[PDB]
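J.: let me see the structure of the following:
(chains A, B, C, D, E, F, G, H and I, ligands or ions: 139)
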Amino acid sequence: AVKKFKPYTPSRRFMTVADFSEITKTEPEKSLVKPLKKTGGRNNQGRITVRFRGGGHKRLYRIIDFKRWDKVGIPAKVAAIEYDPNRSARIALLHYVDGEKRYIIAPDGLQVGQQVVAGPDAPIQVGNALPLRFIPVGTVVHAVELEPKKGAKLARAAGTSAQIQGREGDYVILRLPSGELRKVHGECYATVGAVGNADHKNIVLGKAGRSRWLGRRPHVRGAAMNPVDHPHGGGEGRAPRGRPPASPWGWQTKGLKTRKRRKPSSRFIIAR
Amino acid sequence: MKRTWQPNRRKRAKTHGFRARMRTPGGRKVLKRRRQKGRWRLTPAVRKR
RNA sequence: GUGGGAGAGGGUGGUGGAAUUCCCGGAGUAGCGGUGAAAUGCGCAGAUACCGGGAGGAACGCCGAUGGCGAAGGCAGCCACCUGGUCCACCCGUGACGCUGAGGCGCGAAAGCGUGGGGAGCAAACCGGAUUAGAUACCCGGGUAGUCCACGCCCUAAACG
RNA sequence: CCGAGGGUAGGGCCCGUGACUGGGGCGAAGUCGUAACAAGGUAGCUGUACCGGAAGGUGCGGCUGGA
RNA sequence: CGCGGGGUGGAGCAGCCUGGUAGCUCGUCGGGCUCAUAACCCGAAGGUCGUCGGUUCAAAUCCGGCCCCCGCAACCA
RNA sequence: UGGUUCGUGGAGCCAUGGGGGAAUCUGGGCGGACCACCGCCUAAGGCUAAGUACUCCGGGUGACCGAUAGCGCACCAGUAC
RNA sequence: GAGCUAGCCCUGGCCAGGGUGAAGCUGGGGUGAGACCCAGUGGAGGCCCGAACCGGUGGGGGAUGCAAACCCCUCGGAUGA
RNA sequence: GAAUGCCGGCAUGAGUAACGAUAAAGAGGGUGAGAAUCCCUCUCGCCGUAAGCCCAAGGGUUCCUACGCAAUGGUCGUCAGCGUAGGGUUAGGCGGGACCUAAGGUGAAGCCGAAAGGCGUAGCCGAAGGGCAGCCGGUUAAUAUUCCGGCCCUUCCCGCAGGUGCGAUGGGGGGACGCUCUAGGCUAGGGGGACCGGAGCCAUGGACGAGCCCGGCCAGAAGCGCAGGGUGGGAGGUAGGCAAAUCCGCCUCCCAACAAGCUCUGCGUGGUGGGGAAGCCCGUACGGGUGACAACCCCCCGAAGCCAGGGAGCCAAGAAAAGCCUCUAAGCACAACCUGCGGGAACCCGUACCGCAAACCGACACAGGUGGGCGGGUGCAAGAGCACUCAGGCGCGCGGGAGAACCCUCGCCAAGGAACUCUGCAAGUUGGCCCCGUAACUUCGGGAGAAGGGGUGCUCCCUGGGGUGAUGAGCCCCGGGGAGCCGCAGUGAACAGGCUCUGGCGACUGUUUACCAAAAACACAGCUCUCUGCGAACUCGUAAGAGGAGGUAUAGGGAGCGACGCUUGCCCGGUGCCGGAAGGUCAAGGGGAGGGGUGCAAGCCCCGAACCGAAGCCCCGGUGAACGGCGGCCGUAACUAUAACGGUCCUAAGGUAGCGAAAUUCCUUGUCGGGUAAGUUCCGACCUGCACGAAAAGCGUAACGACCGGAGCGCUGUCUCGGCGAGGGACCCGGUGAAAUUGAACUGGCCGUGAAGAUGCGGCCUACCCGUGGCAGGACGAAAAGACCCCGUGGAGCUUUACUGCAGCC
RNA sequence: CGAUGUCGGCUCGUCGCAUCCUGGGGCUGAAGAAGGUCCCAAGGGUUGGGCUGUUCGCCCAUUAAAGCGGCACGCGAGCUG
Ligand SMILES: [Mg+2]
Ligand SMILES: [Mg+2]
Ligand SMILES: [Mg+2]
Ligand SMILES: [Mg+2]
Ligand SMILES: [Mg+2]
Ligand SMILES: [Mg+2]
Ligand SMILES: [Mg+2]
Ligand SMILES: [Mg+2]
Ligand SMILES: [Mg+2]
Ligand SMILES: [Mg+2]
Ligand SMILES: [Mg+2]
Ligand SMILES: [Mg+2]
Ligand SMILES: [Mg+2]
Ligand SMILES: [Mg+2]
Ligand SMILES: [Mg+2]
Ligand SMILES: [Mg+2]
Ligand SMILES: [Mg+2]
Ligand SMILES: [Mg+2]
Ligand SMILES: [Mg+2]
Ligand SMILES: [Mg+2]
Ligand SMILES: [Mg+2]
Ligand SMILES: [Mg+2]
Ligand SMILES: [Mg+2]
Ligand SMILES: [Mg+2]
Ligand SMILES: [Mg+2]
Ligand SMILES: [Mg+2]
Ligand SMILES: [Mg+2]
Ligand SMILES: [Mg+2]
Ligand SMILES: [Mg+2]
Ligand SMILES: [Mg+2]
Ligand SMILES: [Mg+2]
Ligand SMILES: [Mg+2]
Ligand SMILES: [Mg+2]
Ligand SMILES: [Mg+2]
Ligand SMILES: [Mg+2]
Ligand SMILES: [Mg+2]
Ligand SMILES: [Mg+2]
Ligand SMILES: [Mg+2]
Ligand SMILES: [Mg+2]
Ligand SMILES: [Mg+2]
Ligand SMILES: [Mg+2]
Ligand SMILES: [Mg+2]
Ligand SMILES: [Mg+2]
Ligand SMILES: [Mg+2]
Ligand SMILES: [Mg+2]
Ligand SMILES: [Mg+2]
Ligand SMILES: [Mg+2]
Ligand SMILES: [Mg+2]
Ligand SMILES: [Mg+2]
Ligand SMILES: [Mg+2]
Ligand SMILES: [Mg+2]
Ligand SMILES: [Mg+2]
Ligand SMILES: [Mg+2]
Ligand SMILES: [Mg+2]
Ligand SMILES: [Mg+2]
Ligand SMILES: [Mg+2]
Ligand SMILES: [Mg+2]
Ligand SMILES: [Mg+2]
Ligand SMILES: [Mg+2]
Ligand SMILES: [Mg+2]
Ligand SMILES: [Mg+2]
Ligand SMILES: [Mg+2]
Ligand SMILES: [Mg+2]
Ligand SMILES: [Mg+2]
Ligand SMILES: [Mg+2]
Ligand SMILES: [Mg+2]
Ligand SMILES: [Mg+2]
Ligand SMILES: [Mg+2]
Ligand SMILES: [Mg+2]
Ligand SMILES: [Mg+2]
Ligand SMILES: [Mg+2]
Ligand SMILES: [Mg+2]
Ligand SMILES: [Mg+2]
Ligand SMILES: [Mg+2]
Ligand SMILES: [Mg+2]
Ligand SMILES: [Mg+2]
Ligand SMILES: [Mg+2]
Ligand SMILES: [Mg+2]
Ligand SMILES: [Mg+2]
Ligand SMILES: [Mg+2]
Ligand SMILES: [Mg+2]
Ligand SMILES: [Mg+2]
Ligand SMILES: [Mg+2]
Ligand SMILES: [Mg+2]
Ligand SMILES: [Mg+2]
Ligand SMILES: [Mg+2]
Ligand SMILES: [Mg+2]
Ligand SMILES: [Mg+2]
Ligand SMILES: [Mg+2]
Ligand SMILES: [Mg+2]
Ligand SMILES: [Mg+2]
Ligand SMILES: [Mg+2]
Ligand SMILES: [Mg+2]
Ligand SMILES: [Mg+2]
Ligand SMILES: [Mg+2]
Ligand SMILES: [Mg+2]
Ligand SMILES: [Mg+2]
Ligand SMILES: [Mg+2]
Ligand SMILES: [Mg+2]
Ligand SMILES: [Mg+2]
Ligand SMILES: [Mg+2]
Ligand SMILES: [Mg+2]
Ligand SMILES: [Mg+2]
Ligand SMILES: [Mg+2]
Ligand SMILES: [Mg+2]
Ligand SMILES: [Mg+2]
Ligand SMILES: [Mg+2]
Ligand SMILES: [Mg+2]
Ligand SMILES: [Mg+2]
Ligand SMILES: [Mg+2]
Ligand SMILES: [Mg+2]
Ligand SMILES: [Mg+2]
Ligand SMILES: [Mg+2]
Ligand SMILES: [Mg+2]
Ligand SMILES: [Mg+2]
Ligand SMILES: [Mg+2]
Ligand SMILES: [Mg+2]
Ligand SMILES: [Mg+2]
Ligand SMILES: [Mg+2]
Ligand SMILES: [Mg+2]
Ligand SMILES: [Mg+2]
Ligand SMILES: [Mg+2]
Ligand SMILES: [Mg+2]
Ligand SMILES: [Mg+2]
Ligand SMILES: [Mg+2]
Ligand SMILES: [Mg+2]
Ligand SMILES: [Mg+2]
Ligand SMILES: [Mg+2]
Ligand SMILES: [Mg+2]
Ligand SMILES: [Mg+2]
Ligand SMILES: [Mg+2]
Ligand SMILES: [Mg+2]
Ligand SMILES: [Mg+2]
Ligand SMILES: [Mg+2]
Ligand SMILES: [Mg+2]
Ligand SMILES: [Mg+2]
Ligand SMILES: [Mg+2]
Ligand SMILES: [Mg+2]
Ligand SMILES: [Mg+2]
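T.: Numbering: from 1, shown residues only, chains lettered A, B, ... in the order given. Ligands and ions are numbered 1, 2, ... in the order given. Sure, the structure comes next:
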């Protein structure tokens, strides 16, 4: 839906906030299962190695369930859907009859009170997790494992999915959010449905501060700098570059393919 | 204005203390040099309890 | 009201085959495309033609009519759901409850606009090759918006009987 | 107290005028091209859209005021 | 003032650097197609190569001096 | 690749990081590419005084200084600052 | 050497008093249902005036200074990046 | 004898500048060898959201007392933060440690690295964060939440007494959390009182008066009472909480739906303990006695503090671990643990004093900087604002005179009002509140405090709401109407916008050259391209490893543009990148045709042609929100003029829209038009664009700007064109007493001359010796081994299709 | 070049004369008035505004006139910037 504001201030005239109506009466989270201390820090042991990180709201990590094959066969009741500061998506709090409480990343269409479960069994319904094999060709799916028993790694961003395209002996072909065509092992779990919160892309930050709230420090142009700092630094009053556009570290930034050629992963990929 | 000396007993101790110098080869040599020199004070005297 | 009937009337979801284009595997050469005629273009880096698989989008051949439906615009594979208008019979009910209709409000082909998709084919713009005195055209080879979906605007027409 | 009127300040309508500029009209025999009228030599007109010295062309859909 | 490029039939351009022949399009003029003009078709004409000087057997072409034409430059104070 | 006078040079010997990869006296290395001859040594395990270096320390001497010299310090100096 | 300065991490603290009045909620109106319109409530904002606090705009003084960046008048921000 | 030489000493300027805030002094009396400067008293002035008070950091004897004045004190010094000596800092409860965890650090395991060493899950260390039991008075010259007095607590250990399966570093619960706005009741704090307590006081015209002045509290266990916070109770079933569990979690039935009940805080009260003014008398440097058997009561305002895990809304979604509750396992249940009551035990370190500053950081008794808590009263709309003032603390550690120039700071002005100047720079006008009333344009919010106006004091009469109170009086906040009074002037003092019109740039709030640039620069949301399938790309590191990210294409890296509106045209020839199982070339290696050196030979040893050989380059295409690029010359219309049209040469293609003498225009003050009396600027045009132009974005744009230009109004000392006044210096006297500079000096003008600008040489002119206040023409005056310029086969920073290497990738 | 501060303005000036004005004069194609031109003469005077950083210049309104040039393009230990 997206919340919109009137221009009672500049920067409030474009600003735009998510709709939280799917956030069920459960705004503060769940101890026990999560949260952990989350360790803010824009850099490695010592030095900054990703520029322009820092500031922005304190967070608690929700330790979510990315391998659903523990509770094969054990169903769970979806108890709530809550805000997760550390991902684009929303998260489902679910209660297993087992007693155990996990969070699943919350797919589009998930309703509270719903039944959900994981395993070879598993009715093909939104929320359920299955090894890729038993899932019908053509169904859209998410939180897909890359290699079996290694955890969900594909399609967890808000409003993303992959579609099952066909099969090939032990592998089923996937069409990933990027549009790539991937052979992913049959035995990999993946949960049916799309991610949801799909209006995430429609949000307009609206002002500088908002950027900072999310811990995004000001990014400065190479043009703004000096020859010591950047290939684009200097010279006089503005300058068009004077070389093929580059990163600060000298590599070209328009076109230069960067995936290494001889990756053994290659023989499992069929697209862009 | 604000000058450059902003005394702190803990800082002076953690920074220039006998135990800091002892911790690394760089520092151990400092004690060696100061000893051979005949320095009355190997490290700065940080006070208080 | 009771009882029926025809219909591409409208909305949503699902689904079927033919065909084009691209991809891969096979087999196979020396040309294919295209025109009034040619050329640009594609093809010995393996094209065209043919066979097998895969993907994708759009449009629904025969039925099809000089036909049907809608208030107009418009509406065409199939399926189910939701829904409108409408006609026949029976003459049962109310009982003058009627007609038109400034304004208002709602609908409104195509093109166009905003946001996000999707993009096989075609195709403004644009680029070539021909034609011409010259061609910013008519012909040919390319090709971007757009054409398709969702939501929101736009209110035009030889919106014509 | 009110009060003609004077002063101050800010508006609304109207008329006059203005470098330059947009299109319109009229002007016996100027330049360029051939759009339409005969299938006008690309049927025409059309709403819209882009493009073009100019008429105009093309895309999309529509019309019989054409076969 | 300096630097380097250019003056070729009416117009616009080749021809020079490896000296000997001035060629292309248009225009112009004569004829044809047409009722007539343009278009198209068939023939033809047209150039002291900026001027002065010579290098050579021989100069549009090579070397000097001037003359217009064009572009660049003229910075630190 | 380093070492040696040896800077790729006709470039050996000694050492090695990479690849191949033996032999036990009729066995192996060496004498400046290589080969023949004639010779010298006996690799891939270790230890070994003395003669040699130094001078914080004690001792002796000085065609060495004599408090702006001589050690930074003759003096409570690696101090005050 | 980051006890000045620059950024980030962990943990606390500070921002007088005033204005303006977004969404939302309530009632009323309106329609087939709506959108929408009125009030009232409500208290949003890198919103407004202005102390602290953080700045350093213009002018003057200071120039062996009170000060190796100061003083006075004036000025920007002041719930936020 | 020279090195702007080195070290030391002493001069010169010079009895000169200054003596460190313009908050301010006078007198009387003491003490003393010696007083503007020390002690005391009276008067005067200054701070009072401090210039008062309490903590924290830092400082480390500065604290208290006696005795001193050579130095230290910008003067004096009997005084001191100074010298000598002697004292002075008391804790189970305050803070820190025998508790906990954060970032981070360390690090057994493990991994890595030539060595030094680097990563490192567990554990340990790590604090204003968590946890945790003391409140009020009194005493010293100097310490007290520490000693003492009263009242009140916490732990252990050992007992008895009574309960229960007790019981782990392990399971679970809790601790436990954001921002903004807030409700109810409280305390702190404050105002009022005709009520209570009190020494006293009638002044100078009046007043013996509900007269003046002073004060009417603080702590307090159990038990209450008012607020308010925390929480449902059973019974089954159980596969989860990494062994177990009665705990927790989940499912299923009953009973509550409530704070009813349990608790847990806060606040009132409370046994009882303490405090207790003015004034007056005293002798202290300072405190004491009396006032007093002090009284110790009622109203009112009222927090930002307490009840506290209170509530409401919002998005950016807001530590950890222990203490504490519980569950069970090993084990043990003569153990043990819980509860009640007794007795015993309760260590280590800090404590003085400064602390917005003369004791900290600035070499100084430095006009600077320095975190937290309190910060009263009246008035002003409110307030931490502003003017005065409690408490409390000061008069800023050189004075006295004088009353020139000139400077700084300030006040006022006839007449004119920007004529000043690069520029209204500066200064002025404006100014708070309430009420009328407000334009273009606009993104419909704004523009807006638009602009422009009026009101504003005191007195009396009538009158409307609330709050606390019983529905009332009072006390307290907001209001309305009507008469009148005074002055030049009523936010009568202080704090408190001058306004408009119109361009440029940037959207906007932000950011920046600490110490000459705050901007039109950086950032910014947003837009596009591009890489990246996850052991991601990218970055740091030799590595291990870490960031990315405990993220996964709506995600992350790089680039550029920079809200928003309308838009971003053509060129792929070169360069880049992208795509091409052909071909050409291509190193090691493979291969050996053939030849060479030695041997009597077997052999041993060298080169070595075909041919197979990668990426790369060449070659074939694509790609401009990739690097970039986007022409020349002649002619032509029935007035001239101009050129829609044409010819021709070249290109990869030949600048569209939209702008245009512009932050771009050289010739240039272009050419008209507008503002003016007059306009190299400004504004609207034209287009002949030296040399705009479309994401180094194009043309616009409401709003915003201590940005930059032009204009007008208002108002002025900016100016005609100055004048007067004030105060701090300057000047004179007493006290202290510098500096850069300095070859030496007995240091005149002119006209000449001289290395070409002479006090110093020539001639002439002038001129008795020495000072004080002033002005700056000169000593090519001081200051810095010129910054520009050139030189040196000097040095660094930067660039690239310079050379050559290296990392990195292939 | 071990430093001679560099444009313009302001303030203060002073000097030259090849005089803009006023005083004297010759010739005039000088009737008169007003001019032209030349000679003598520097004693004094030689305005206020618009634009520009400007010097200069173009204007506006005046005047007896709106003079030229030197003084380190006079003068920054005098100011401005
Ligand atoms: Mg936790
Ligand atoms: Mg690192
Ligand atoms: Mg480290
Ligand atoms: Mg940036
Ligand atoms: Mg820069
Ligand atoms: Mg660079
Ligand atoms: Mg430039
Ligand atoms: Mg550059
Ligand atoms: Mg094929
Ligand atoms: Mg029906
Ligand atoms: Mg009937
Ligand atoms: Mg009708
Ligand atoms: Mg329509
Ligand atoms: Mg359409
Ligand atoms: Mg469009
Ligand atoms: Mg569209
Ligand atoms: Mg096509
Ligand atoms: Mg076509
Ligand atoms: Mg033709
Ligand atoms: Mg008009
Ligand atoms: Mg006209
Ligand atoms: Mg014609
Ligand atoms: Mg025609
Ligand atoms: Mg036609
Ligand atoms: Mg049309
Ligand atoms: Mg066309
Ligand atoms: Mg002819
Ligand atoms: Mg060597
Ligand atoms: Mg050997
Ligand atoms: Mg050998
Ligand atoms: Mg040998
Ligand atoms: Mg030999
Ligand atoms: Mg030995
Ligand atoms: Mg000595
Ligand atoms: Mg001696
Ligand atoms: Mg010495
Ligand atoms: Mg409202
Ligand atoms: Mg507010
Ligand atoms: Mg604000
Ligand atoms: Mg403010
Ligand atoms: Mg500044
Ligand atoms: Mg000498
Ligand atoms: Mg000396
Ligand atoms: Mg003097
Ligand atoms: Mg003097
Ligand atoms: Mg003096
Ligand atoms: Mg002492
Ligand atoms: Mg004494
Ligand atoms: Mg003294
Ligand atoms: Mg003392
Ligand atoms: Mg003492
Ligand atoms: Mg102990
Ligand atoms: Mg500890
Ligand atoms: Mg840790
Ligand atoms: Mg370590
Ligand atoms: Mg610990
Ligand atoms: Mg602590
Ligand atoms: Mg404690
Ligand atoms: Mg004390
Ligand atoms: Mg436990
Ligand atoms: Mg626990
Ligand atoms: Mg009397
Ligand atoms: Mg009490
Ligand atoms: Mg268990
Ligand atoms: Mg007393
Ligand atoms: Mg709460
Ligand atoms: Mg622990
Ligand atoms: Mg138990
Ligand atoms: Mg103490
Ligand atoms: Mg104390
Ligand atoms: Mg303080
Ligand atoms: Mg002092
Ligand atoms: Mg001092
Ligand atoms: Mg101070
Ligand atoms: Mg402060
Ligand atoms: Mg207060
Ligand atoms: Mg008050
Ligand atoms: Mg006020
Ligand atoms: Mg104040
Ligand atoms: Mg003083
Ligand atoms: Mg005046
Ligand atoms: Mg006056
Ligand atoms: Mg006036
Ligand atoms: Mg002026
Ligand atoms: Mg002037
Ligand atoms: Mg101006
Ligand atoms: Mg001003
Ligand atoms: Mg302006
Ligand atoms: Mg403006
Ligand atoms: Mg800005
Ligand atoms: Mg700053
Ligand atoms: Mg600066
Ligand atoms: Mg600023
Ligand atoms: Mg944009
Ligand atoms: Mg990692
Ligand atoms: Mg991570
Ligand atoms: Mg990206
Ligand atoms: Mg930029
Ligand atoms: Mg920019
Ligand atoms: Mg472009
Ligand atoms: Mg190109
Ligand atoms: Mg190409
Ligand atoms: Mg290319
Ligand atoms: Mg390539
Ligand atoms: Mg190759
Ligand atoms: Mg122009
Ligand atoms: Mg230009
Ligand atoms: Mg004019
Ligand atoms: Mg003009
Ligand atoms: Mg530009
Ligand atoms: Mg560009
Ligand atoms: Mg821009
Ligand atoms: Mg700003
Ligand atoms: Mg003016
Ligand atoms: Mg004055
Ligand atoms: Mg005075
Ligand atoms: Mg004196
Ligand atoms: Mg003399
Ligand atoms: Mg001379
Ligand atoms: Mg002499
Ligand atoms: Mg002389
Ligand atoms: Mg002088
Ligand atoms: Mg002077
Ligand atoms: Mg001088
Ligand atoms: Mg000098
Ligand atoms: Mg020099
Ligand atoms: Mg220079
Ligand atoms: Mg050289
Ligand atoms: Mg010089
Ligand atoms: Mg000199
Ligand atoms: Mg004369
Ligand atoms: Mg005369
Ligand atoms: Mg000016
Ligand atoms: Mg000049
Ligand atoms: Mg003069
Ligand atoms: Mg000159
Ligand atoms: Mg000068
Ligand atoms: Mg001077
Ligand atoms: Mg300047």
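J.: CA only for contacts and neighbour counts going forward, please
T.: Fine.
J.: looks to me like residue B:26 is in a helix.
T.: Yes - read with DSSP: H, G, I helix; E, B strand; the rest coil, residue B:26 is one of the residues of a helix.
J.: OK, contacts around it?
T.: For residue B:26, no contacting residues are found, by CA atoms under 8 Å, 6 or more residues apart in numbering or on different chains.
J.: residues near residue 47, how many?
T.: You didn't pick a chain, so chain A it is. By other CA atoms under 10 Å in any protein chain shown, 8 other residues sit near residue A:47.
J.: actually, chain B is the one I wanted.
T.: For residue B:47, using other CA under 10 Å, the count is 9.
J.: once you drop chain neighbours, what's closest to it?
T.: Sequence neighbours aside, residue B:9 is the residue nearest to residue B:47 in space, at 7.0 Å (criterion: CA to CA, 6 or more residues apart in numbering or on different chains).
J.: shouldn't the one you found be in contact with residue B:44?
T.: No - at 10.7 Å, residue B:9 does not count as touching residue B:44 under the criterion of CA atoms under 8 Å.
J.: which one's more surrounded, the two?
T.: Between residue B:9 and residue B:44, counting by other CA under 10 Å, residue B:9 is the more crowded of the two (14 against 11).
J.: next one: phi and psi at that one?
T.: Backbone torsions of residue B:9, given as degrees, to the nearest 10, read phi -60, psi -40.
J.: how far away is it from residue A:214?
T.: 38 Å (CA to CA, to the nearest Å).
J.: ok, now residue A:265?
T.: Per CA to CA, residue A:265 is found 34 Å from residue A:214.
J.: quick one: which of those two has more around it?
T.: Shown here are residue A:265 and residue A:214; by other CA under 10 Å, residue A:214 has more neighbours (16 against 10).
J.: not counting sequence-adjacent ones, nearest residue to that one?
T.: residue A:56 (5.0 Å).
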